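Below: one structure, written as structure tokens.
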Amino acid sequence: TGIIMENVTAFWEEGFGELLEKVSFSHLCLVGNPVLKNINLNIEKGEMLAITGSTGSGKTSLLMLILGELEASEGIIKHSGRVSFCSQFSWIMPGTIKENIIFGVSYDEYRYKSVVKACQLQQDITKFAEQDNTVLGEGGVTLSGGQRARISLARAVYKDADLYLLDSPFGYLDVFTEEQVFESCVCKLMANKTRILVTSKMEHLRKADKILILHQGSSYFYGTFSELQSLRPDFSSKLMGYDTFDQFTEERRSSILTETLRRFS
Ligand SMILES: Nc1ncnc2c1ncn2[C@@H]1O[C@H](COP(=O)(O)OP(=O)(O)NP(=O)(O)O)[C@@H](O)[C@H]1O
Ligand SMILES: [Mg+2]
Numbered sequence: 390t391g392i393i394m395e396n397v398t399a400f401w402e403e404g405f406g407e408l409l410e411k412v429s430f431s432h433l434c435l436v437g438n439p440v441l442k443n444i445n446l447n448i449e450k451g452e453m454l455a456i457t458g459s460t461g462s463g464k465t466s467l468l469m470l471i472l473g474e475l476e477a478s479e480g481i482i483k484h485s486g487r488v489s490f491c492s493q494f495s496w497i498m499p500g501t502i503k504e505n506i507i508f509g510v511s512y513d514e515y516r517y518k519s520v521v522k523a524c525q526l527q528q529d530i531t532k533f534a535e536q537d538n539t540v541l542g543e544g545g546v547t548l549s550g551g552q553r554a555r556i557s558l559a560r561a562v563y564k565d566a567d568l569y570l571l572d573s574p575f576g577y578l579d580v581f582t583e584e585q586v587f588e589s590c591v592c593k594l595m596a597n598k599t600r601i602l603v604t605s606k607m608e609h610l611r612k613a614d615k616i617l618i619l620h621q622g623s624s625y626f627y628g629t630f631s632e633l634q635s636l637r638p639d640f641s642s643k644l645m646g647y648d649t650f651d652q653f654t655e656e657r658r659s660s661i662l663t664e665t666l667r668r669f670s
């Protein structure tokens, strides 16, 4: 499916804050304040939307909007079909690595092996005596953050859906593995799946079909990467003006983005 939002505004409603947490709110609800205002986007079947912004700009909230956990108080949103969501929090259920990737869905060999390879999990499971039959306890607590995120990503990607929402999978230290995953999974394997990737890496905007930048629940820019360079030259020159920005930590990339957005409103 494709996805369209026309002039969407979404207000803080009671309970939304806890849901964001479970991944003062009552004041935000009493004062009737938007979490997202005048959002517009039009994404074709098979296209990739890259979403970035300052920290706390509404990136996750926009996903919740697509999931229907947040109501569109004004404006129009259209998409059809199953959506698959990979959250910032990487949840792990009791069971093997395989059982986690396949959770609640039926096993298919070609599909599984293909997902496992593209999410770069082979490098991980090969370190284990029982490979992907290795048993994890909930939280998969002795794994690395990147290992948990790749399992969590594989699970969401293995879901058969029309639209994939990937909230910040690529935020950890093993930064070269992340580059392979983005190339192999998001760009190749899912090349023809409609997908939305929340991200603080510039390569992802550069390879994206559409770009949405958020600041203060507002749309700072929407368009192509070419239009971002010409229509937002201050932002672009500053961020493309590092040599290896994407290999900074997620905290640094995010705070640079925040400062640059604060600067050039
Ligand atoms: N744990 C929290 N405590 C207080 N306010 C929160 C919390 N989580 C979310 N919010 C509110 O959520 C609004 C939008 O949050 P959110 O949609 O999670 O933005 P975000 O861009 O995904 N944040 P981040 O992933 O850290 O860069 C913020 O500006 C906050 O007002
Ligand atoms: Mg978020």
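The sequence shown lines up with residues 390 to 412, 429 to 670 when you count with the deposited numbering.
For each residue, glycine too, the CB sits at the ideal point set by N, CA and C.
N- and C-terminal bounds of the beta strand (DSSP E) containing residue i
| i | result |
| --- | --- |
| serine 485 | Taken as a continuous stretch (DSSP letters only), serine 485 belongs to no beta strand (DSSP E), as it is neither H nor E. |
| residue 422 | Looking at the chain, the numbering goes 412 and then 429, which leaves residue 422 without any coordinates in this model. |
| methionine 394 | 392-400 |
| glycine 628 | 623-628 |
Cβ shell of residue i (< 8 Å), same chain only, five flanking positions each side left out
| i | result |
| --- | --- |
| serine 670 | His620 and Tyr625 |
| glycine 551 | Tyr577, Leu578, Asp579, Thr582 and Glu583 |
| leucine 408 | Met469 and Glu474 |
| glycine 628 | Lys615, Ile616 and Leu636 |
| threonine 654 | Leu578 |
| residue 419 | Along the chain, the last residue before the gap is 412 and the first after it is 429, so residue 419 carries no coordinates. |
Terminal residues of the alpha helix (DSSP H) in which residue i lies
| i | result |
| --- | --- |
| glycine 550 | 550-563 |
| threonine 663 | 655-668 |
| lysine 442 | No alpha helix (DSSP H) holds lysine 442; the beta strand (DSSP E) holding it covers 439-448. |
| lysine 643 | 638-644 |
Neighbourhood of residue i by C-beta distance below 6 Å, restricted to the same chain and skipping five residues each side
| i | result |
| --- | --- |
| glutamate 583 | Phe575 |
| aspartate 537 | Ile502, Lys503 and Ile530 |
| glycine 544 | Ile497 |
| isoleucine 444 | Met394, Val397 and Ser624 |
| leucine 541 | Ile497 |
| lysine 483 | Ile393 |
Same chain, Cβ closer than 7 Å to residue i, neighbours up to 5 away in sequence not counted
| i | result |
| --- | --- |
| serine 557 | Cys491, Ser495 and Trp496 |
| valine 580 | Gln652 |
| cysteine 524 | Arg555, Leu558, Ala559, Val562, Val586 and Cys590 |
| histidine 609 | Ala455, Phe587 and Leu602 |
| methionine 607 | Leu644, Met645, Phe650 and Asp651 |
| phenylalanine 533 | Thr539 |
| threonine 665 | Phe640, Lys643 and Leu644 |
| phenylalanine 630 | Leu610, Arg611, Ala613 and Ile616 |
CB contact flag (residue i, residue j, <7 Å)
| i | j | result |
| --- | --- | --- |
| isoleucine 456 | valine 586 | no |
| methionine 453 | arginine 600 | yes |
| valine 488 | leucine 568 | yes |
| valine 520 | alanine 477 | no |
| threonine 390 | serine 485 | yes |
| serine 573 | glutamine 493 | yes |
| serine 605 | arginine 658 | yes |
| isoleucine 448 | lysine 643 | no |
| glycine 437 | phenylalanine 430 | no |
| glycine 480 | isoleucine 618 | no |
| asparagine 597 | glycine 451 | yes |
Exercise for review: Spell out a yes or no on whether the segment 607-625 and the segment 443-463 are touching, meaning 3 or more CB-CB pairs, one atom from each, closer than 8 Å.
Suggested key: The segment 607-625 is in contact with the segment 443-463.
Point to revise | Segment contact, 8 Å Cβ cut-off, at least three pairs: the segment 393-402 with the segment 562-580 | key: In short, these stretches do not touch, since the Cβ pair count stays below three.
Review point. Which parts of the segment 496-525 are runs of the beta strand (DSSP E), unbroken and 3 residues or longer, counting only runs that do not cross its ends?
Key: Complete beta strand (DSSP E) runs here, min 3: none at all.
**Study point:** Inside the segment 556-618 only - alpha helix (DSSP H) runs reaching at least 4 residues
**Key:** For the alpha helix (DSSP H) assignment, the uninterrupted runs of no fewer than 4 residues enclosed by the segment 556-618 are, from N- to C-terminal side, 580-586 and 607-611.
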